[PDB]
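Consider the single chain below, provided in structure tokens and representing the form deposited without adenosine-5'-diphosphate (ADP).
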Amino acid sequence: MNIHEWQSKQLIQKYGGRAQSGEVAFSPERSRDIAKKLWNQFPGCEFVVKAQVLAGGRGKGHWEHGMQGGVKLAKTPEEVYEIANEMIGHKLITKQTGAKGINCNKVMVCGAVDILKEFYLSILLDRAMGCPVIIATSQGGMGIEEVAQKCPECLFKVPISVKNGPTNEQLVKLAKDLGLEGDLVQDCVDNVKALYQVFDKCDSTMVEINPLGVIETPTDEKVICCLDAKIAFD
């Protein structure tokens, strides 16, 4: 059982992680109102509209009536309305849904940010090692099976002492192994600790962040941020 992206992100934020949870909208008009209000705060910003569906391959999918993408860029609140109008109440077809598609009745409206780096990061129980593991790659936005098959050099698998860890030294090395320098190293450490707390304290079978991003803030600071999130339960 998976929860939606915006709910996963809110849970991450609850445990001190940085995530772009945006605001959920149950109508196209509400989607526009969210965008309009955000222009009170960051005037002239752009928007991303993300269909909230329980299925994978959302961003790459296409709608039954022809629109391309479950994640779309919008320049104005009216463009946000137009996009949400083709998502809410309609069927999204992804690789994982097959031709049957999946109904969408809500979207997330987000501010558009400069994304500098995309990582993959997941926490799950590893059968072989008999403990939780952190799996991460510097090649976010890809099938994790493809990375292991075609690019095993950028994949990292970190065993975690179930409630005797993860240790700070493991997280610093992972962050540095992902190519992070400067303040982003500690930022990454802090965010991965929060993700583990979500995994542990919420009895999740998998916390998957694809992508875990390095983004720029509106005043150009570089920060770690969950840009998609999938949390699974039993």
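Heads up: residue numbers just count along the shown sequence, starting at 1.
Taking only CA atoms, the mean B-factor in the PDB entry is higher for 206 to 214 than for the other of 19 to 27 and 206 to 214. On average the C-alpha atoms of 60 to 68 have higher B-factors than those of the other stretch, with 60 to 68 and 35 to 43 being the two compared. Highest C-alpha temperature factor among 152, 77, 111, 89, as the PDB entry reports it: 152. The PDB entry assigns its highest CA temperature factor, among 121, 148, 104, 116, to 148. Residue 189: CA B factor in the middle third of modelled residues in this chain (values from the PDB entry).
When the modelled residues of the chain are ordered by C-alpha B-factor, residue 84 sits in the lowest third. Placement of the Cα temperature factor of residue 52 within the chain: lowest third of the modelled residues, per the deposited record. Residue-level temperature factors show residue 73 in the lowest third of its chain, judged at the C-alpha atom.
Keep in mind that the form solved in complex with adenosine-5'-diphosphate (ADP) is missing from the display, and what follows is about it.
Remark: of stretches 75 to 83, 113 to 121, 150 to 158, 99 to 107, the one touching adenosine-5'-diphosphate (ADP) in the bound PDB entry is 113 to 121 (heavy atom within 4.5 Å).
Taking the partner from elsewhere, residue 17 is found to have every heavy atom lying beyond 4.5 Å of adenosine-5'-diphosphate (ADP) in the bound PDB entry. The closest non-hydrogen atom of residue 227 lies within 4.5 Å of adenosine-5'-diphosphate (ADP) in the bound PDB entry. In the bound PDB entry, adenosine-5'-diphosphate (ADP) sits within 4.5 Å of a heavy atom belonging to residue 71. adenosine-5'-diphosphate (ADP) in the bound PDB entry is approached by residue 48, whose closest heavy atom lies within 4.5 angstroms of it.
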